[PDB]
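Here is what each chain is made of, one letter per residue.
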Amino acid sequence: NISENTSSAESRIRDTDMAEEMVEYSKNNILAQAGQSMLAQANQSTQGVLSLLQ
Amino acid sequence: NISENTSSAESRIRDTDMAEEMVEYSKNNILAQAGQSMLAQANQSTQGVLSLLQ
Amino acid sequence: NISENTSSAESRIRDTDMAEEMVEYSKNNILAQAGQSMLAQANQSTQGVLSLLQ
Amino acid sequence: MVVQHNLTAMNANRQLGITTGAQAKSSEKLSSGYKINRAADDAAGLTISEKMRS
Amino acid sequence: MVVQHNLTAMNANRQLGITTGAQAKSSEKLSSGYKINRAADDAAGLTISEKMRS
Amino acid sequence: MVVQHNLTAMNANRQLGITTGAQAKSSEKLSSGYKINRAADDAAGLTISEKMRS
Amino acid sequence: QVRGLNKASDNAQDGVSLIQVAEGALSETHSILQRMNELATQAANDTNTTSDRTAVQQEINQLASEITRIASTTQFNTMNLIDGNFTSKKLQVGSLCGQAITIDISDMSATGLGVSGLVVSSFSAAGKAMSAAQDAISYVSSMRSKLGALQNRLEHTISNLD
Amino acid sequence: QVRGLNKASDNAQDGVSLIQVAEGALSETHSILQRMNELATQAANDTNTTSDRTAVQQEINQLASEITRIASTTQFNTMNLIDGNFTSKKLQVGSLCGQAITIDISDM
């Protein structure tokens, strides 16, 4: 019984909540897709210099 | 519950609305091209001096 | 018996009808997908300015 | 059109928000299993349900 | 027209700067995912968001 | 623009790093099944837990 | 006007968002009072001996402290929301001077609901404690009925200002 | 005539633009009245005891304060549109003296 309660205590502290962590994972999979999107647009941002009488 | 509602509160302040900001991003994106076009034509504008009895 | 009836009464007032609410969920899931489509089309819709003697 | 205010997009953004609102207020009823989560849903349905719960 | 100072081009330049200043303030919010990246965006909103993060 | 220094992109590279870093620190917990894999995650979470494991 | 209406929309959402913190705290005040009423109903029965009503009283004293802990501790942006002192507070709900909506929130402490000192050591007092906790469910119903009706003004306000 | 007709065209758009603010504000007066009807329909039922009809009444008062807030607050160019003071206001929709259209809005 003390083993089941102190297992329940350590699983509180240290096992992943896979429910919660797949929220935090999927925020980041979207932000990485969005960051790669902005970085892809940003490398093409200064393409605007070249028309400029050159 | 309070953590959820004050996450919702801080998100409503600080997170980028990726829809509403992509509206404003894309105005400025077209204005930069329109302004680079208007500057590219502005540097051509005074070429009209050169036919002037020279 | 009064408990089974007043439980049934409260459940009529307050438990989600999951059948009905998954209609109203899936309306909004399509409308959000269609609204994101229309917003994504709308942001590109003023790309028409740039051919215009520019 | 105007380059400075994509009102086609701004209205589409305003309507996308109204729709993701209705989505987050529906998804709440399915994750919880209740039709009145907050007294903003039904002030009588709350007040009566707390008497039937009582 | 004066040959020595192309004032139409200096206006177009000075308006191009104001436009790509606004464009970098947008690109920053999309790439990071935060509306308020720095205290110049909302001093009240940075302050309240830190008390809510806290 | 400055042609030599795409700061719109350098900030986006930098914010992408914060994002894909946070993603690998999340992905570790789903692949391992544990919340504290490394004592850097929670010094008391680790220290308490090893006494509960013991 | 556009800049001001966008702050008015942001402030009406900062109002909805505050209201939800108060409303969602009183949701556990209900859930504590639903438990105090059920505990009082059980302790009222004179098949209970003395030790087995002081065993109920230990949970009623602890749950009354928890209603006061919900009250003094729930905050939004460091302001207490249901201690009785969120009164005369205003939302700037438009572009002009003083286009208010008012937020007032009666005290939701165990004293403010009369559940401080529910005494359940006899049928007479444990019925007195049923009466008190059913009035407190009726008070938290009436306060959540105001905070709910108010969130419905602001959802209409945000739909309007936008 | 052309210069005048172009201010006339812009004044008819300042006219359309004003109307859309009022026609938009009354679009939430519908959302509020559709809600007040439905609340009143719920409160008519003689299963509600007194404490449940005061719980309805809190919203039927708060929402009626809202219909007055929409009316005394919706403005265009600092003029109230639907408080009942937007009576007899003339748009000039041509090049010549008094080629009017009249905007006239009852109290909402």
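What counts, and where the lines are drawn
All residue numbers start from 1 on each chain and follow the order of its written sequence rather than the entry's numbering, and residues without coordinates are excluded. Think of it this way: whatever chain is written first is A, whatever ligand is written first is 1, and the rest follow in order. Each value given relates to the chains shown, not to the larger assembly they are part of. Working from all heavy atoms in the structure, the side-chain values ignore hydrogens and water. Strands here mean DSSP runs of E at least two residues long; helices mean DSSP runs of H or I at least four residues long; both are numbered from the N terminus. A radius of gyration in this sense is built from C-alpha atoms; the matching globule rule multiplies 2.2 Å by the number of residues raised to 0.38. We call two residues contacting when some pair of their heavy atoms lies within 4.5 Å. Per-residue and other accessible areas follow the Shrake-Rupley method at a 1.4 Å probe size, with only the shown protein chains counted as cover for residues. Each residue's exposure class comes from its accessible area (1.4 Å probe, protein chains only) as a fraction of the maximum for that residue type: buried when under 20%, exposed when over 50%, partly exposed otherwise. Charged residues are defined narrowly, with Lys and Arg counted positive, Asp and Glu counted negative, and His plus the chain ends left uncounted. Just so you know, the charge point we use is NZ for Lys, CZ for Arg, CG for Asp and CD for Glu. Here the quantity called buried area is the total loss of accessible area, with a 1.4 Å probe, experienced by two parts when brought into contact, counted for both. Counted as salt bridges are all cases of a side-chain nitrogen of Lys or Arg within 4 Å of a carboxyl oxygen of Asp or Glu. Each polar contact in these results corresponds to two N or O atoms within 3.5 Å; when the atoms are within protein, one needs to be able to donate a hydrogen and the other to accept it, and residues that are neighboring in sequence are counted only if both atoms are side-chain atoms. For this analysis, a ring pair means two rings from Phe, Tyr or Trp (six-membered ring only for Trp) whose centres lie within 6.5 Å, classed as stacked if their planes differ by under 30 degrees, edge-to-face if by over 60, and tilted for the remaining angles. Placement of a positive charge over a ring is assigned whenever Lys NZ or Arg CZ falls within 6 Å of the ring centre and within 35 degrees of the normal to the ring plane.

Judging from the entry metadata, cryo-EM is the method by which this structure was determined, and 3.17 Å is the reported resolution.

The next point concerns the overall build of chain G. The helix and strand inventory of chain G stands at three helices and four strands. When the helices and strands of chain G are listed from N to C terminus, the series reads α-α-β-β-β-β-α. Over its C-alpha atoms chain G spans a radius of gyration of 20 Å, topping by over 25% the 15 Å that the globule rule assigns to 162 residues. When its C-alpha atoms are laid out on the principal axes, chain G stretches across 70 × 25 × 20 Å. Taking the intrachain contacts of chain G between residues at least 6 apart in sequence as the baseline, contacts between residues at least 24 apart amount to 71%. Looking at chain G as shown, the accessible area adds up to about 6900 Å², and 47% of this sits on carbon and sulfur atoms.

Per the secondary structure count, chain H includes two helices and four strands. Helices and strands appear in chain H in the N-to-C order α-α-β-β-β-β. In terms of overall size, chain H is more extended than a compact globule, its C-alpha atoms giving a radius of gyration of 20 Å where 108 residues would be expected to give roughly 13 Å. Counting the 108 residues in chain H, one finds 34% classified as buried. For chain H, contacts bridging at least 24 residues in sequence account for 51% of all contacts bridging at least 6. Surface summary for chain H: the accessible area is close to 6500 Å², and the carbon and sulfur share equals 49%. Here chain H holds 7 positive side-chain charges and 12 negative ones, and the gap between their average locations is 11 Å.

All right, on to the interface of chain D and chain C then. Between chain D and chain C, the residue contacts involve 25 residues of the former and 25 residues of the latter. When the buried surface of chain D facing chain C is broken down by residue, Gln23, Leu30 and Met52 of chain D rank first, second and third, together holding 24% of it. Our enumeration of links across chain D and chain C arrives at two salt bridges. The partner of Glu50 of chain D in a salt bridge is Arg14 of chain C, with the nearest N and O atoms 2.7 Å apart. If you look at where chain D meets chain C, you find twelve residue pairs in polar contact.

Scanning the model with the defined rule gives zero aromatic pairs over all chains in all. The aromatic ring of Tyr34 of chain D is capped on one face by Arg14 of chain C, whose charged end is 5.8 Å from the ring centroid. The ring of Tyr34 of chain F carries the charged tip of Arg53 of chain F above its face, separated from the ring centre by 5.4 Å.

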